[PDB]
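What follows draws every value from the coordinates through simple rules; no lab data is involved. Cβ sites come from the backbone with ideal geometry, for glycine too, and all protein chains shown count toward neighbours.
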Amino acid sequence: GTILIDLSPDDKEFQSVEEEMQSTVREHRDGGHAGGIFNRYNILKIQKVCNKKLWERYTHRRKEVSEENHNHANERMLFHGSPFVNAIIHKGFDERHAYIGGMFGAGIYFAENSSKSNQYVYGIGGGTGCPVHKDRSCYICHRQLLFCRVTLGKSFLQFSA
Amino acid sequence: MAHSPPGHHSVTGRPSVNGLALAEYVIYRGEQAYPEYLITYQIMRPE
Ligand SMILES: N#CCOC(=O)c1ccc(-c2cc(=O)c3ccccc3o2)cc1
Ligand SMILES: [Zn+2]
């Protein structure tokens, strides 16, 4: 059911997504161990993910949340990095994309910092880096992140290191 | 998958040490996210 539509770099929609990608890079505590050393990306492609079934599944749930929260979905656009990005775009997020060992328990994790989600593209802690060079800091291999519409509703605020 | 805390639909991890870090979020239902954009990229070696 999924089709991928390429956005032209001339399209304001390409540009606003690129800008969220570049402007939310930060330095990480690990000095780059997990995600590599960089201050910015080379954006190769941005594709709109279109799946009617997955969309309606999203909006159905969004309405439930909204109605439990004074008509406020509390919807954000947030980044997600995962070895399972190809399964996600075709089949949607499910419990198999959950970070079992995550610090806020076994759920599906999203970041405002693109560079944070970057640390997970090749696995937790960056795994063994890219398939080809086994380099967590590979400057050659193509990586993929998802920029996602996420319903938070009433969010439990955890202050944390 | 675990459950949202009672009364809540998600968790926010607020950074409380690293001044520069933005927030992280957790949902406990796959249906509460839609993967809208696939971005293909390389990281760039600083100069
Ligand atoms: N357990 C298990 C299977 O774990 C994963 O494959 C997996 C774990 C974490 C992520 C993930 C992806 C993220 O983008 C992310 C953002 C902020 C904080 C944590 C984050 O973690 C993605 C996949
Ligand atoms: Zn590589």
0 to 90° range, to nearest 10: angle between helix A:52-67 axis and chain A longest Cα axis: 60
message: Along the charge dipole of chain A, pointing to its positive end and built from +1/-1 on Cβ of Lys, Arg, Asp and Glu, which listed residue (A:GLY35, A:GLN144, A:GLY123) has its Cα farthest out?
response: A:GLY123
task: Sticking with the crude label model, points 7 Å out along Cα→Cβ, report the distance from A:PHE159 to A:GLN22 in nm, one decimal please.
output: 3.7
- prompt: With r defined as the distance between the Cβ atoms of A:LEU4 and A:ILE37 and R0 fixed at 41 Å, what FRET efficiency is calculated, to the nearest 0.05?
  reply: 0.85
- line: In terms of the charge dipole of segment A:52-98, which places +1 on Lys and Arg and -1 on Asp and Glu at the beta carbon, the residue among A:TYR58, A:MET77, A:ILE88 farthest towards the positive end is A:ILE88
task: Return the calculated 222 nm mean residue ellipticity for chain A, to the nearest 500 deg cm²/dmol, obtained by summing -39500 (n - 2.57) across DSSP H runs with n ≥ 4 and dividing by the residue count.
output: -7500 deg cm²/dmol
task: In Å and from the alpha-carbon atoms only, list the Rg and Dmax of chain A.
output: 16.4, 50
- request: Quick one: dipole size for chain A, taken about the Cα centre, charges +1 on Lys/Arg Cβ and -1 on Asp/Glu Cβ, in debye to the nearest 20.
  value: 320
Most positive-pole-ward Cα, A:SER16, B:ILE43, B:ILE27, against dipole of the protein assembly as shown from beta carbon charges: B:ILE27
- line: Taking chain A and a Cβ-Cβ threshold of 4.7 Å, the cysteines left without a partner are A:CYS50, A:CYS148
message: Could you tell me the center-to-center distance, by alpha carbons, between segment A:15-29 and segment A:83-117 in angstrom?
response: 19
query: What spacing in nm lies between the two simple spin-label points modelled at A:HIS60 and A:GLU95, each 7 Å away from Cα in the Cβ direction?
result: 1.8
